[PDB]
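A.B. asks: Got a structure here, written out as structure tokens. Questions coming.
Only the coordinates and a few stated rules stand behind these numbers; no lab work does. Using ideal geometry, Cβ is built from the backbone for each residue, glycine included, and neighbour counts are taken over all protein chains shown.
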Amino acid sequence: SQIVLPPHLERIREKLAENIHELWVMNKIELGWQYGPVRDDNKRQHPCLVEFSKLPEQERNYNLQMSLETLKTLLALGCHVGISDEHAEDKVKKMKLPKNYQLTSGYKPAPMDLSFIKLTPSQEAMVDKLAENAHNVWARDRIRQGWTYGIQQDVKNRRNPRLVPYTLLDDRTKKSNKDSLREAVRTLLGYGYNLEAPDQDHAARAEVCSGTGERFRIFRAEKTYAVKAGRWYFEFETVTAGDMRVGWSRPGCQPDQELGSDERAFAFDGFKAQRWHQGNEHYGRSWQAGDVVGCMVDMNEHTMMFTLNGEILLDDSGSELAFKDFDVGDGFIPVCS
Ligand SMILES: Nc1ncnc2c1ncn2[C@@H]1O[C@H](COP(=O)(O)OP(=O)(O)OP(=O)(O)O)[C@@H](O)[C@H]1O
Ligand SMILES: COc1ccc2c(c1)CN(Cc1ccc(C(=O)O)cc1)CCS2
């Protein structure tokens, strides 16, 4: 609603609405439909196969309003308005079609040949978001009318399986309406308004939010199994690749504090390839999904070692010791975050 259509976009909008409805009234005929009084699916009949004047005025209103909303959404996402050339837009191309698959109306079959334009993937992704917004509008209309999602289609319960998120949406109807709207956008560019796609947002939020507030869960062995001396080994297999920390923790480790931030835990962050004790320092390489990290501690000379799929991880220098010297204290127990 906040979008104000400039006058050039307005008088282009009128005849692009005309162009789209006539595109539709031969796409139905090439699908094989035929003109008729009532909108019957089995009879293969619709009054809309004819010019907009004799076409039902309510369907004309729908077509014009959806074209206006399409252009308004394109402007609302920030698509740069494109002008090819005034005489290029004044020039109109006609490509004749066979009568059986040609519209009953007198409009030109192909104002623009779908071939001679190489459509840039930037505005192709723009057409993607346009389809997503259009289906959002449709679903909003259904909710306003009171329709709700139901796996089996039922009109009397107003239950529709189509009411689903766009990514989860049915592939067949998805590609159908989606290619209809891609060819509509293709036509509006080919007519002369070669709209320039806006910038692509490379930055991603990466979905760091979690259920509830807690960001990590710490798993550790019992405090009674603390080792005071000797050589010990355990393995940590990363089913997924991501934010994990594994190592040895003191029996006083706090569940709410991240491993290695404090002084009471020694951890290895393979996701950042970084060690953790009273802070973080670069250590080793990163793991992939399915990698196994071996944790080796020798409590006699107070050293810790780490392995990634067998090979011993090493510092920025050639040293293989993850941590050089630490007091035995009250022992260490295996831990993972
Ligand atoms: N060529 C077209 N391209 C896109 N949308 C169109 C086109 N022609 C018509 N429409 C829209 O499709 C709508 C179809 O409405 P229809 O009567 O089929 O469904 P409905 O009344 O919501 O029924 P129900 O959802 O219960 O099946 C029309 O009202 C119009 O807004
Ligand atoms: C996708 O454009 C079209 C193509 C063909 C037809 C219509 C719309 C109009 N229809 C009503 C209709 C419209 C849209 C939907 C929908 O997909 O939500 C369902 C029914 C009657 C049969 S002719």
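A.B. asks: With the checklist (1) in contact (Cβ under 8 Å) with a residue 60 or more places away in the chain; (2) closer than 29 Å to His8 by Cβ; (3) exposed (fewer than 13 other Cβ atoms within 10 Å of the Cβ); (4) not basic (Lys, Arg) in hand, flag the one item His87 doesn't pass.
C.D. replies: (1)
A.B. asks: Applying the selection to the range 315-337, what residues are in contact (Cβ under 8 Å) with a residue 40 or more places away in the chain and small (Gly, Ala, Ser)?
C.D. replies: Pass one, the range 315-337, residues in contact (Cβ under 8 Å) with a residue 40 or more places away in the chain: 322-323, 326, 328-337.
Passing the criteria: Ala322, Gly329, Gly331, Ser337.
A.B. asks: Considering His87, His21, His8, which residue is closer than 18 Å to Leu189 by Cα, within 12 Å of ligand 1 (Cβ to nearest atom) and in a helix (DSSP H, G or I)?
C.D. replies: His21
A.B. asks: Restricted to the range 291-314, and to residues that are in a loop (DSSP other than H, G, I, E, B) and either out of contact with any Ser or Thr (no Cβ under 7 Å at 6 or more places or on another chain) or touching a residue at least 60 places away in the same chain (Cβ under 8 Å) (or both), which residue is surrounded by the most Cβ atoms within 10 Å (Cβ to Cβ)? Walk me through how you get there before you give the answer.
C.D. replies: So the first thing to find is which residues in the range 291-314 are in a loop (DSSP other than H, G, I, E, B), and the list is 291, 299-302, 309-310, 313-314.
In the following step, the residues that additionally are either out of contact with any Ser or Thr (no Cβ under 7 Å at 6 or more places or on another chain) or touching a residue at least 60 places away in the same chain (Cβ under 8 Å) (or both) were identified as 299-302, 309-310, 314.
Values: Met299: 18, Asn300: 10, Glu301: 9, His302: 14, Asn309: 11, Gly310: 7, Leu314: 16.
Filtering the range 291-314 for residues that are in a loop (DSSP other than H, G, I, E, B) and either out of contact with any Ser or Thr (no Cβ under 7 Å at 6 or more places or on another chain) or touching a residue at least 60 places away in the same chain (Cβ under 8 Å) (or both), the one surrounded by the most Cβ atoms within 10 Å (Cβ to Cβ) comes out as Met299.
A.B. asks: Could you tell me which numbered condition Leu169 fails, if it satisfies all but one of (1) in a helix (DSSP H, G or I); (2) more than 12 Å from ligand 1 (Cβ to nearest atom); (3) surrounded by 11 or more Cβ atoms within 10 Å (Cβ to Cβ); (4) not acidic (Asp, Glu)?
C.D. replies: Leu169 satisfies every listed condition except (1).
A.B. asks: Continuing with the same structure: So, of the residues in the range 30-39 that are more than 12 Å from ligand 1 (Cβ to nearest atom), surrounded by 10 or more Cβ atoms within 10 Å (Cβ to Cβ) and not aromatic (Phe, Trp, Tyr), which turns out to be farthest from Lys96 (Cα to Cα)?
C.D. replies: Here the residue is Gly36.
A.B. asks: Conditions: (1) in contact (Cβ under 8 Å) with a residue 60 or more places away in the chain; (2) within 14 Å of ligand 1 (Cβ to nearest atom); (3) more than 15 Å from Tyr193 (Cα to Cα). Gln65 meets all but one. Number of the miss?
C.D. replies: With respect to (1) in contact (Cβ under 8 Å) with a residue 60 or more places away in the chain; (2) within 14 Å of ligand 1 (Cβ to nearest atom); (3) more than 15 Å from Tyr193 (Cα to Cα), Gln65 is out only on (1).
A.B. asks: Name the single residue that is nearest to ligand 2 (Cβ to nearest atom) among those in the range 177-191 being among the hydroxyl-bearing types (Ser, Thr, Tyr) and in a helix (DSSP H, G or I).
C.D. replies: Only one residue fits best here, namely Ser180.
A.B. asks: Now for a different question. Among the numbered criteria (1) in contact with a strand residue (DSSP E or B) (Cβ under 8 Å, 6 or more places away or on another chain); (2) on the phi > 0 side of the Ramachandran plot; (3) in a loop (DSSP other than H, G, I, E, B), which single criterion is violated by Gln278?
C.D. replies: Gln278 satisfies all of (1) in contact with a strand residue (DSSP E or B) (Cβ under 8 Å, 6 or more places away or on another chain); (2) on the phi > 0 side of the Ramachandran plot; (3) in a loop (DSSP other than H, G, I, E, B) except (1).
A.B. asks: Still on this structure: Assess whether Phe271 counts as being buried (at least 17 other Cβ atoms within 10 Å of the Cβ), within 36 Å of the chain's Cα centre (by Cα) and either of a type in the set (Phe, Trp, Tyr) or in a loop (DSSP other than H, G, I, E, B) (or both).
C.D. replies: Answer is no for this residue.
A.B. asks: Among the numbered criteria (1) surrounded by fewer than 19 Cβ atoms within 10 Å (Cβ to Cβ); (2) more than 10 Å from ligand 1 (Cβ to nearest atom); (3) closer than 19 Å to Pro109 by Cα; (4) in contact (Cβ under 8 Å) with a residue 40 or more places away in the chain, which one does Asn27 miss?
C.D. replies: (2)
A.B. asks: From the list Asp154, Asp128, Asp113, which residue is loosely packed, with under 13 Cβ neighbours inside 10 Å, under 23 Å from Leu23 (Cβ atoms) and out of contact with any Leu (no Cβ under 8 Å at 6 or more places or on another chain)?
C.D. replies: When all the criteria are applied, what remains is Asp113.
A.B. asks: Okay, moving on. From the list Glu51, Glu59, exactly one residue is part of a loop (DSSP other than H, G, I, E, B), more than 20 Å from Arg182 (Cβ to Cβ) and among the acidic types (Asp, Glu). Which is it?
C.D. replies: Result of the check over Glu51, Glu59: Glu51.
A.B. asks: To continue, here is another question. Check the range 141-161 and report whether any residue there is within 21 Å of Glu69 (Cα to Cα), assigned to a loop (DSSP other than H, G, I, E, B) and either away from ligand 2 (no atom under 16 Å from the Cβ) or free of Cβ contacts under 8 Å to residues at least 60 places away in the same chain (or both).
C.D. replies: Looking through the range 141-161, none of the residues is within 21 Å of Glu69 (Cα to Cα), assigned to a loop (DSSP other than H, G, I, E, B) and either away from ligand 2 (no atom under 16 Å from the Cβ) or free of Cβ contacts under 8 Å to residues at least 60 places away in the same chain (or both).
A.B. asks: Also, I was wondering about something else. State whether one or more residues within the range 126-137 are over 20 Å from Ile12 (Cα atoms) and more than 16 Å from ligand 1 (Cβ to nearest atom). Spell out the reasoning first.
C.D. replies: From the range 126-137, those over 20 Å from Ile12 (Cα atoms) are 128-129, 131-137; that's our starting set.
This time we only want the ones that are more than 16 Å from ligand 1 (Cβ to nearest atom), so: 128-129.
Checked against the condition, which is being over 20 Å from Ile12 (Cα atoms) and more than 16 Å from ligand 1 (Cβ to nearest atom), the range 126-137 yields at least one hit.
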